[PDB]
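Enquirer: Protein chains in written order, with the entry's author numbering: chain AG, 9 to 101, 104 to 158, 165 to 215, 221 to 730, 734 to 788, 818 to 831; chain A8, 27 to 34, 120 to 147, 153 to 358, 368 to 514, 520 to 617, 631 to 679, 702 to 713; chain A5, 348 to 372, 430 to 545; chain AF, 2 to 8, 23 to 334, 353 to 512. Yeah, the Cβ is synthetic: ideal placement off N, Cα and C, and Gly gets one too. The structure under discussion is supplied below as C-alpha cells; questions concerning it will follow.
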Amino acid sequence: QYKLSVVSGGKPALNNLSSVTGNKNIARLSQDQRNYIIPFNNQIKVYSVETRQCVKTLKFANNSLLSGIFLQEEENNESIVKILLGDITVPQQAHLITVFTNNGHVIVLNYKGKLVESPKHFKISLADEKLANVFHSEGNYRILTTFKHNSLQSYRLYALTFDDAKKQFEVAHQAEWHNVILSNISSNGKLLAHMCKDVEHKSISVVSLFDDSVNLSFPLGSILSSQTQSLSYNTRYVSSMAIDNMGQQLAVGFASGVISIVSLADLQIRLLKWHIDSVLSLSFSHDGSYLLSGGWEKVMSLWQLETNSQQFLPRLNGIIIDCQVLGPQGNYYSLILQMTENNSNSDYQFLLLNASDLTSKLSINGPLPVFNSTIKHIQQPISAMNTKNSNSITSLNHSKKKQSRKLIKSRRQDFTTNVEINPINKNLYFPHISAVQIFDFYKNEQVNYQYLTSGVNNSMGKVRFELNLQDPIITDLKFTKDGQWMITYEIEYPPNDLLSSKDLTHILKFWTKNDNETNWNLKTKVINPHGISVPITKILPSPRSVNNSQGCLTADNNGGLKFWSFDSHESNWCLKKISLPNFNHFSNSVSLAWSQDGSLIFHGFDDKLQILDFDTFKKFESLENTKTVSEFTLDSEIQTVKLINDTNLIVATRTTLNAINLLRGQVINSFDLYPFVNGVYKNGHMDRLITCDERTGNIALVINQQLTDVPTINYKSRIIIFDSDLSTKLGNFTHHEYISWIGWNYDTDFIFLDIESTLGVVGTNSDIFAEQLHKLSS
Amino acid sequence: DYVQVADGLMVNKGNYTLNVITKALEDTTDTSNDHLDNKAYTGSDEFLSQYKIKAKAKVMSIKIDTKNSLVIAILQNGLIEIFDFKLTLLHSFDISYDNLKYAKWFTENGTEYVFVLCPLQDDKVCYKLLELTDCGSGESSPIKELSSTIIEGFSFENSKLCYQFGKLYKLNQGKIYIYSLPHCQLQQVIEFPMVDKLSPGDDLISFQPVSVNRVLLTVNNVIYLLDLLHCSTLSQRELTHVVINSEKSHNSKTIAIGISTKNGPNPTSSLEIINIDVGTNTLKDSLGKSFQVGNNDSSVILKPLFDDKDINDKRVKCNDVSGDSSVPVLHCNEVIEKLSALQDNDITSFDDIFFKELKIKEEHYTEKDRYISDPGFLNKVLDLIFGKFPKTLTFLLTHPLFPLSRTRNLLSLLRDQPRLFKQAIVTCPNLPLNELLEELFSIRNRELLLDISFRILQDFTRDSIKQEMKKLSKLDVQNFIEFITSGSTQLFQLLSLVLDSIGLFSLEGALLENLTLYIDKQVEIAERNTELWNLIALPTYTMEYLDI
Amino acid sequence: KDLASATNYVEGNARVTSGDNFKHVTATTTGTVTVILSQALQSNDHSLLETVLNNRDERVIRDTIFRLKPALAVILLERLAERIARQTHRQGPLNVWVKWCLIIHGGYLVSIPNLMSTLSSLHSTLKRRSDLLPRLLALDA
Amino acid sequence: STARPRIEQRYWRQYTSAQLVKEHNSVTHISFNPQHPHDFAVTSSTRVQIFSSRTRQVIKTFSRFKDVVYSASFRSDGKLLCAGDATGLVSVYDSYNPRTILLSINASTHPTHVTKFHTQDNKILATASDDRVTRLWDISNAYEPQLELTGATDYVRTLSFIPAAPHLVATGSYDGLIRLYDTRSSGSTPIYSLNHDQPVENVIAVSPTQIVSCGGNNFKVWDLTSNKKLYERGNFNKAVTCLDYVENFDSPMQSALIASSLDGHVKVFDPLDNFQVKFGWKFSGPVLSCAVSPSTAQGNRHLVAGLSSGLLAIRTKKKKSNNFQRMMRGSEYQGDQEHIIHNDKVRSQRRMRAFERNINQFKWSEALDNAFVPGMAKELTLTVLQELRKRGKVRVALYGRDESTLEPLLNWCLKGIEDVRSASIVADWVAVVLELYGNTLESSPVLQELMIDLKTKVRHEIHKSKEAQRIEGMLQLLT
RNA sequence: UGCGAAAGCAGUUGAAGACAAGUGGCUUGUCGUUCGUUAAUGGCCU
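Okay, here's the thing in C-alpha cells:
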C-alpha cells in the first residue's frame with residue numbers, strides 16, 4: 009500500500025552558469041502584465057500578481073510528455089533557460107507559451123484553463139549540447155549557441177529561420193567568435209556586449230544581432246585608468262556589467278564597488294562610486310536614465326544618472342544577484358536575492374517589486390534547506406576576499422577544482438538536515454541559520470520567515486570584513502507536540518582574534534504562538550543551562566501524558582540531564598529536576614528516548630544505555646533485584662535509541678542494528694549497517710536521519726554513493745521500508761537521486777526530502822446569442 | 027505481562128470492621144465467619165450452598181440457599197425482616213442489590229423477573245433469556261449478563277428492564293470468567309493456558325490471551341488491567357496484567382482455588398474459616414514500572430544472525446561502502462569449530478587459543494566491530510577462555531577491546547598480572563568502582579594508579595563514587611594523604640572526591656594543616672602557571710652620522 | 348508590513364534567567437541582639453532590618469546568627485542572598501553575614517530535606533558568579 | 002524590504032503625595048461617604064474634621080463638641096452624619112453643613128464608643144457605650160430605641176451589620192465572643208457567638224457570608240452561614256487596630272482589605288486567594304486609624320493614617354478664527370458612512386536616541402562617547418557596550434583614538450568591573466584597548482595611574498570572588 | 001586538508017604553458033590556463 013510519490017516544489021533553477029549569462033533570469037510576464045511565468049526545477053508556476061497565488065502549475069512529473077526531456081538519472085542538469093510568449097511557428101497567431111531548457115528542446119506549452127496533451131516537442135538541428143539563449147524581436151529570433165582554450169567557450173549567433181518548410185527550423189549562421197569571459201544582453205535584447213581577452222591586453226566588444234548596425238571592439242585597457250593600472254586585481258577585475266537599449270552607454274561594475282560608465286562613439290570614462298563591496302547587479306532603464314545596482318550590501322540602489330545620485334532600499338534580507346526592470350513602460354523590477362547565511366547551498370529567492378512605493382509583490386521562494394556542506398557544483402560568488410561566505414577572484418579554478426575533486430576523493434558525504442513538522446497545521450519548519458522557514462508544502466511555498474537570534478542578521482549588510490562575523494547558528498528547535506512551543510537552542514560565535522573568541526557559547530529560548538498568527542512571541546530565554554560552556558545537544562519533548570506536552574528534558578554531551586516543564590503559577594518556563602554527572606570526559610555521540618506513557622528515560626551515552634525512571638529522576642533500583650535491569654550496554658558506539666512503542670525498540674550503531682524488548686527484557690533482532698555506510702556520518706547524525714512512526718516502525722535509509730566506471737554524479741534512493749520492529753522488507757523503492765531526511769506525517773505517511781529539494785512521500818439560437826455575447830463581453 | 031508476584120458479604124471493606132464476610136463453606140452446613153465482630157445467623161440456610169452474599173451492611177444478611185429463595189437473617193440486632201420466596205429451584209448463589217441497582221429473579225433457569233433489593237418492589241418480566249450458564253452482575257450501568265451454552269451472549273440493565281446488547285457468542289466450557297477492571301470486558305478463561313478478554317459491550321472476544329503458567333482461579337483485582345490466576349495444586353496466585370486514583374492493594378474480591386484460599390486479599394491471612402498464614406503485599410498494576418519486571422508469557426534469550434539487505438544487484442551502481450572486506454564471514458559453523466578448537470584436545474598450549482583466534486573471524490589481533498556474536502556463543506567462548514586453561523597473546527589482546535563481560539569481573543582484583551591488567555583497566559568497560567577504589571587506595575602509586583584514576587574519570591559517576599567511598603577504611607586514605615603531603632590532576636580530583644567524602648569534623652588539625660600548606664603551594668602553582676598561560702614620529706633635533 | 352519579506356526578531360518583555368534555579372519540582433560571653441532580628445524577620449522592613457543588620461564585627465555576627473533560632477536561619481540566609489543579589493559592590497563585611505549561617509548551623513539545613521529548591525537564590529547566585537571565575541582569573545591574569 | 006530592529024506592588028507603590036497634618040491629639044477612627052467618598056471625616060478630639068479629594072485639607076469641620084469624640088459615621092445615603100462622644104450624648108447632624116445640629120440624643124451615661132447607621136435602612140442608628148447593652152435607636156422617634164439589644168457579659172464595643180442580610184447585627188465586646196443578633200428577636204440572645212480569643216479591636220463584614228474580626232496580635236475570619244473560621248493572620252508587632260475593605264477597584268487585585276496594627280506598616284490582604292499582602296508600607300510610628308477610600312472614589316483615591324500620636328498621613332493616587358476653522362472643518366469625520374476605508378500609516382515609534390542612531394549609521398566613535406557620559410544611564414551604557422561588542426569590530430571602533438578619549442572608558446570600567454553581568458566583558462574591553470594600544474601609554478605615561486589603581490581594586494575583587502566561591506563550596510560540603 | 005569533540009593528531013609548501021615587468025638573449029612576479037597532492041573617499045531614506 010506504500011509507494012513513492014515525489015510531490016512538492018524545489019529550487020527556482022536559474023541560469024546556474026558561472027559567467028555564461030548576462031541576464032540569468034527568464035521568469036517572464038505575459039504581454040498582459042498580470043501573471044508571472046516562472047520556471048523551477050520541479051514546476052512551472054503561473055502567478056496572479058494581483059493576489060500572489062498560483063493560478064496554474066505545470067509540474068515536472070505529471071506528464072511523461074514533457075518529462076522525457078528531464079526525468080533521467082545522472083543527466084539531471086536539464087535546467088531551463090528561455091521562455092517566450094507566443095507560438096513561434098505560426099506568425100503571431104492564440105496565447106500559449108514556448109519553453110527552452112538547456113538542450114535546445116523547443117516546447118510549446120499551453121497557458122489557459124487545462125492544457126492540450128500535444129505539446130509541440132520541436133527541436134532545431136544543431137542544438138545538441140548547449141543553449142546559451144535565443145534573442146527575440148519581431149519575426150527574427152537569433153540563437154546564441156556555445157561550442158568549445166584557457167577555459168573560454170565559443171559563442172555563435174545563428175538565426176532561427178522557418179518560413180514554409182513546416183517541420184524544420186534551420187539556422188542561418190550570422191556571427192562567430194571563440195572567446196568569452198563575460199557577456200551581457202540588453203533589456204530589450206536588440207544588442208549584446210561581450211569580452212574577448214585577446215592579447221595586446223584584454224578587450225571588450227559590443228555587437229548588434231538584428232542588423233549590420235553597430236559592431237565594434239576595443240581594449241578595456243583604455244577604460245582601466247592609471248589607478249587601476251597600478252593597484253590590485255580586485256580593482257582591475259570586472260565583476261558585472263550592463264548595456265543600454267539604445268547602444269550608446271556601457272556600465273562596467275568593477276569588483277571594488279566602482280561603477281564605470283563609458284560611451285560608444287567618443288569612449289569617455291565616467292565613474293559611479295557608492296558601493297563598498299563588489300557589485301553583481303547592473304541594469305539600465307528602458308530610457309537609460311536610471312541604473313539599477315545590487316551588490317553584496319543588502320541595499321537595492323538605483324542611480325539617477327543626470328544627478329549621479331541614488332535612491333536606496335535598505336534591508337532586502339540577503340544578497341542581490343541579478344536585477345532589471347522589465348515592464349514595457351517600466352514599472353516592475355525583477356531581481357534575485359540569495360541570502361548566504363548558509364554557505365552550503367545556492368538557495369536563491371526570486372521576487373519582483375513595484376516601482377510605485379517599492380513594495381514587493383510575490384516573493385517566490387523555493388524550499389531552503391540547511392545542509393552540512395556543498396552539494397553538487399555549488400560554487401561561490403565573486404567577492405574581493407576568500408571569506409567564509411565565498412571565495413575571491415583568484416580562486417576560481419582553485420575552488421572549483423577543490424570542490425570537484427573533494428567530492429571525488431571524499432568519503433564523508435552526509436549533509437543531513439534537521440527539520441520539524443507542526444502538529445497544528447502540518448507544515449514543515451526548515452530551521453534556518455539564526456532563523457526559520459515555515460514551508461507549507463501543500464501548495465509548495467512559504468508563509469513567513471522569523472529571525473531567531475538577537476544578532477546582526479538584519480540591520481546591517483555584511484561587508485568585506487564583516488562577512489567573517491557569521492551569525493549564531495541554531496541547531497534545532499523542539500515543538501511541544503500539541504503545537505504550542507518552539508523551544509529553540511542555538512550556538513553562537515564571537516569574531517576571531519579575540520580572547521573570548523575561543524568558545525562557541527549556547528542559548529535556548531521559548532516561543533509561543535496562537536493559531537491565528539504565523540510568527541511566534543518570545544516567552545522567556547535561558548542562557549547556557551547546565552552551567553556555562555556546556556552543549557545542550559539532545560533535548561526531548563513529551564507526549565500528552567504529563568501536562569499535554571509540557572515535558573522537555575535537556576541533556577548534554579557530558580551526560581547530565583535536567584527536566585523542564587512549563588507552569589502557570591509561575592507564568593514562565595522553568596526546570597523541574599537536576600542531574601549533572603560531571604564526567605571529566607565528553608562525547609557528543611548521545612541519543613535519548615522516553616516512554617510515551619511517561620515511565621522510562623533512556624540515556625544512550627557513548628556505548629552505554631543507562632536507564633532512569635520518570636518519577637524520581639534516578640536509576641530504578643527496586644526492592645527485589647529480579648531482572649530489574651536499569652542499565653544496558655550495547656555492541657559499539659551507538660547513535661540512536663528509538664522507542665516505537667512501550668514494548669520493543671530499535672538501537673542503531675555504526676556497524677549494525679539491534680532491537681530490544683523491555684517488557685520481555687531481552688534483545689530481538691539485528692540488521693547490518695556498515696555494509697551500507699562507510700564513513701559518511703558525523704556522530705549523532707543518525708538521530709536526525711531516522712524517525713519513528715507512531716505504529717509501523719521506521720524507515721532506515723540506505724546511504725550509497727554510486728561509483729565511477734570514487735563517486736560519479738549518479739546518486740541513490742533505494743529506500744527499503746520496515747514495518748513493526750525489524751520484521752519486513754516490504755518495499756524497495758528505487759530512485760535515481762539523493763535524500764537527506766524522512767519524517768512521519770500523521771496520516772501514517774513518510775515524507776522524504778531530496779537535495780534537489782523536491783519533497784515527496786511514501787504513504788497511504819439563444820445559446821448562440823449567449824456565446825456570441827460572451828465573445829462580445831471584451 | 028506479569029506484575030510483582032508473591033503469596034506462594121461486604122465486597123468493598125476489609126479488616127478493622129465487624130464482619131465483612133459471612134461466607135459459605137464447602138463440607139460444612141452452609142456458612143461461617145471469623146474475625147481477624154458480628155453474628156452469623158440462619159438465613160433459611162442448610163441447603164446445597166456454595167456461595168453466600170448479603171445486603172452489604174452485615175446486619176440484614178442472608179444465607180443463599182438452593183431452594184429458589186433468599187430470606188433475610190439478623191447478624192447484628194436480632195430482628196430479621198420478612199421477604200418473598202421467588203423461585204423454587206436453586207438460589208444458592210444469590211445476592212442482594214443496592215437501593216435499586218441490579219436485581220432479577222434469574223436464579224438457575226433464566227426466569228428473570230426483574231425486581232429490586234426488596235420483596236415487594238417488582239418490575240417487568242425480562243424472561244426472554246435463553247438457557248444460560250454464565251450469569252454475571254456488573255456495575256457499568258448495572259447489568260446482568262448471560263453467556264449461554266446454546267452459545268450466545270447478552271446483557272440487560274436493571275434500570276427499566278433495558279436489554280442493552282447481545283449476539284451469538286460461541287462460549288464453550290471454560291474455567292474462570294471474571295469481569296474486567298474497566299467493566300467493559302470479561303476475562304473468560306479457556307481451559308489450560310488461555311484467558312480471552314471479551315469486550316462486554318457487544319459480546320465479542322477482544323483479546324484471546326495465552327497464560328504463562330497454569331490458570332485455574334482467575335480474578336481481576338481493583339487495578340487497571342491486572343488479574344490474579346491461582347494455580348491448581350497450590351495457593352500460588354500469579355499476578356498478571358494486560368482504580369488508578371486510589372488503587373487498592375488488598376481486600377478486592379473473594380476468589381481462589383488454592384488450599385481453602387478464600388477471601389482473597391494480598392495479605393490473605395485472616396480468612397473466614399481457614400485461618401492461615403499471609404502472602405503478598407503488592408498494590409495494583411503500575412504504569413510502566415511493573416511491566417519491566419513482569420516478563421510473563423514469553424521467556425527467552427535470543428538474537429538474530431545480523432540479517433543483511435534483500436540482496437541488491439548493484440555491480441553497476443556500487444555503494445562506496447568499503448574499500449575493505451565489507452561482507453565478512455559470519456559463519457556460525459566456523460565460529461563453533463574455532464571455539465571447539467580453543468577448548469579442544471590441544472588445550473595444553475597457548476597455541477590452542479592463538480591458532481583458534483586465527484582460524485576464527487577477521488579480528489585483527491586486538492579489534493572488535495566484526496560482531497560475530499550471539500549471546501550463548503559469547504558466554505561459552507568467555508567460559509572456555511575463563512576456565513582452567520593471562521596466557522594467550524592473540525586472544526588476550528583481542529579482549530581488552532570488548533564492551534560485554536557482564537559481572538564475572540570480581541576476579542580482576544584477585545588476578546595480578548601486569549600488562550593484561552593494564553589493557554583491561556584502560557579498555558574494557560566492565561570493572562566496577564569497588565575494585566577501582568581499592569586499587570586506587572593501594573599505596574604503591576604508579577602508572578597503574580594513574581590509568582585507573584583516568585578510568586574513574588572516564589567512566590564512573592561522581593555521586594556513586596561519593597556514596598561508595600562514604601564508608602571505607604580510613605587508614606589507607608590517611609596514609610595516602612600523608613604520603614602525598616610529604617611528597631596528577633586525576634589524583635587532585637580524587638583528592639576533591641575524598642575531601643568532600645570526609646564529612647564535617649571527623650579528622651585532626653595537624654595533618655590537615657600540613658595538607659593546607661600542600662594546597663597553599665597548589666594555589667600558588669595554579670596562579671603562577673595560569674599567569675604563564677595567559678602570558679602565552703620625530704623629536705626636535707638629533708646629531709646624525711653620515712659619510713661625505 | 349510587506350508580507351513578501353521576513354518578520355523581525357524581538358524579545359518584548361521576556362523574563363531573563365539562566366538555566367540554574369527552580370522552586371517547583430545570663431549571657432556570660434557577650435549579649436548580642438536577638439529579639440529585634442526576630443521582629444525584623446516577622447515583616448520585611450528595610451529600616452529596622454538595617455538597624456539590626458548593619459553589623460561588621462566577627463564575634464557580633466557569630467553571636468547574632470547563632471543565638472537566633474534555626475527556624476529563621478533558612479530565610480535569614482535567603483535574605484542575605486537577596487542582599488548579595490541587590491548589590492555586590494559592598495560585599496566585604498556582609499560576606500561574613502552570609503558565611504556564618506553556613507558555619508555555625510550545620511545539622512539543621514542538612515535535616516531540612518529541600519535545600520536547593522527553596523534555597524535556589526543563594527548558591528545559584530554564587531555559582532552564577534563563579535561560572536565566569538575561570539574566565540575572570542584568565543582575564544585578570 | 003523591511004524595517005530595522007530595536008535593541023501589583025508597582026500599583027501600590029505608585030501612591031504618592033503623602034503629606035502630613037498633625038492634630039492636637041490621637042485619631043480614634045474615620046469615615047467615608049458611601050455613595051461617593053470624595054470627602055471624608057476624621058475623629059479628632061472635641062472636633063470632627065472633613066476633607067475633600069481635591070484640596071487635601073479641611074473643607075469643613077465641627078468643633079462645638081464639649082468632650083473627646085469617638086465615632087464619626089455617614090449614613091448610606093451620605094447626607095447626614097453621626098458622632099458619638101465621651102459624654103454619651105450622641106449627636107447626629109447634617110453633613111455638608113456643619114453649623115446645624117439635627118438631634119443630639121443621650122445614650123446611656125457611659126461614653127458612647129461606636130455609633131453607625133443601618134447599612135441599608137435610612138432611619139435606624141446603632142449605638143454602643145459601656146453600658147453592656149447596645150441600642151438600635153430610631154431617628155424618626157428618638158425617645159427610646161426599638162431594641163434594647165442586651166445579652167453581653169462585658170463592654171460592648173464595636174458594632175457592624177451584615178450587608179445583604181438585614182436582620183443580622185454583628186456586635187463585638189471585650190470578651191472575644193462576637194455576637195450577632197436578629198432584629199426581630201428578643202434582643203437578649205444571639206443565635207450563636209463567634210469565639211474570638213482577645214478583646215476584639217473591631218469587626219467588619221467583608222461579604223454577606225464572611226466577616227473579619229480583629230482583636231489582639233492576630234485577626235480572624237468567620238463564616239456566618241455555618242459558624243466557621245477558615246483563616247487567621249498574626250504577623251504584627253501589636254494588635255491589629257483597625258480594618259477596612261474595598262471591592263472592585265483598579266488594580267491587579269479585584270478586591271482588597273487592609274489591617275492596621277500599631278507598628279508602622281499596614282497590610283493589604285485579599286479575599287481573591289486567601290489573605291496575602293502585596294507589600295505593606297510603614298509610617299511614622301503607632302498606626303491607629305488607617306484606611307483607603309472605598310470603590311467609587313473614581314480615580315483619585317486617598318489612603319489616610321491617623322496615628323495614636325495624632326498625625327494624619329495622606330497618600331493619594333491620581334490618574353485663528355471661525356473662517357479658518359470652517360476652512361479646515363472636515364478633520365474628525367474619519368470615514369463613517371461611506372464605502373471603503375484606507376489605512377496606510379507609519380507609526381511614530383519610541384524616541385530613538387543619538388547613540389542608537391550612531392549604531393544605525395555606524396557612528397561608532399560618538400556612540401562610545403554617548404555611552405561614556407554621566408547624563409546617560411549606567412545600564413544603558415552596559416547594554417550598548419555589550420551590543421556593540423556583539424555587533425562590530427572593536428579594532429575598527431578604536432582605530433584612531435588616544436588616551437584623552439580612552440579615559441572615560443577606563444573611568445567607568447573602574448566601577449563596572451564590580452558588576453555581576455558585565456565584569457568579564459568590560460575586562461575584555463580594556464583587554465582589547467591595552468592589547469593594541471601600548472605605544473600610547475609608553476608615549477604618554479599618564480593613564481597607567483588608572484591602570485595600577487585598576488590593578489589593586491581588581492586584586493580586591495578577585496579576592497572577593499575567590500572567597501565567595503569557597504563559601505558556596507562550604508554549601509557544597511554541607512549539602 | 002583528514003579524523004575527532006567545544007582537543008590534538010598527520011601535510012600541502014608542486015610542475016608545465018602563457019603573459020607582465022627589469023636587463024635577440026637573460027633576470028623578478030602573476031594568471032576568470034591544461035594536470036597532480038586530501039591539502040578606486042567608496043558604506044543602509046521617506
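The beta strand (DSSP E) with residue 2 (chain AG) in it runs from where to where?
Expert: What is shown of chain AG runs 9 to 831, which leaves residue 2 (chain AG) out entirely.
Enquirer: Under three-state DSSP, which class holds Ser748 (chain AG)?
Expert: Coil, per DSSP.
Enquirer: Rounded to whole angstroms, what's the CA-CA distance from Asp319 (chain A8) to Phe451 (chain AG)? Just pull it up for me.
Expert: For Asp319 (chain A8) and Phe451 (chain AG), the distance between alpha carbons rounds to 50 Å.
Enquirer: Between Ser60 (chain AF), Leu104 (chain AF), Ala56 (chain AF) and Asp146 (chain AF), which has its C-alpha nearest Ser110 (chain AF)'s C-alpha?
Expert: The shortest Cα separation from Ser110 (chain AF) among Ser60 (chain AF), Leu104 (chain AF), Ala56 (chain AF) and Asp146 (chain AF) belongs to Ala56 (chain AF).
Enquirer: Below 8 Å, can you find three or more Cβ-Cβ pairs linking the region 247 to 264 of chain AG to the region 175 to 192 of chain AG?
Expert: No, the region 247 to 264 of chain AG does not touch the region 175 to 192 of chain AG.
Enquirer: Return the chain-ordered list of same chain residues with a C-beta closer than 7 Å to the C-beta of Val221 (chain AF), the five sequence neighbours on each side being excluded.
Expert: Contacts found: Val227, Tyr260, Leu272 and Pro286.
Enquirer: Give the straight-line distance between the Cα atoms of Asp27 (chain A8) and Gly419 (chain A8), rounded to the nearest whole angstrom.
Expert: If you take the alpha carbons of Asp27 (chain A8) and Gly419 (chain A8), they lie about 5 Å apart.
Enquirer: Using a beta-carbon distance below 8 Å, is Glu674 (chain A8) in contact with chain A5?
Expert: Cβ-Cβ to chain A5 under 8 Å: yes for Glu674 (chain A8).
Enquirer: Go ahead and label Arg114 (chain AF) buried or exposed: buried means 16 or more other beta carbons lie within 10 angstroms of its beta carbon, across all protein chains shown.
Expert: Flag for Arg114 (chain AF) reads exposed.
Enquirer: Verify whether the separation of the beta carbon atoms of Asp343 (chain AG) and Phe305 (chain AG) is less than 8 Å.
Expert: Going by C-beta atoms, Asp343 (chain AG) is not nearer than 8 Å to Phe305 (chain AG).
Enquirer: What does a CB cutoff of less than 7 Å around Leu561 (chain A8) pick up in its chain, not counting 5 residues either side in sequence?
Expert: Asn539, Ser542, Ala554 and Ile555.
Enquirer: Provide the residue span of the beta strand (DSSP E) that contains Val368 (chain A8), from first to last.
Expert: That residue, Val368 (chain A8), is in no beta strand (DSSP E); it is neither H nor E in DSSP.
Enquirer: By the 7 Å beta-carbon criterion, what residues does the region 551 to 567 of chain AG contribute toward chain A5?
Expert: Those residues of the region 551 to 567 of chain AG that come within reach of chain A5 (Cβ to Cβ, closer than 7 Å) are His551, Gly552 and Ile553.
Enquirer: Under the assumption that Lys220 (chain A8) contacts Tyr229 (chain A8) (Cβ atoms under 8 Å), give the Cβ distance between them as a whole number of angstroms.
Expert: That belief holds up - the Cβ atoms of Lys220 (chain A8) and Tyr229 (chain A8) are roughly 7 Å apart, short of 8 Å.
Enquirer: Quick test of your reading: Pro235 (chain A8) and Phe209 (chain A8), contact by CB under 8 Å. State the CB separation rounded to the nearest angstrom.
Expert: 19 Å between Cβ atoms; not a contact.
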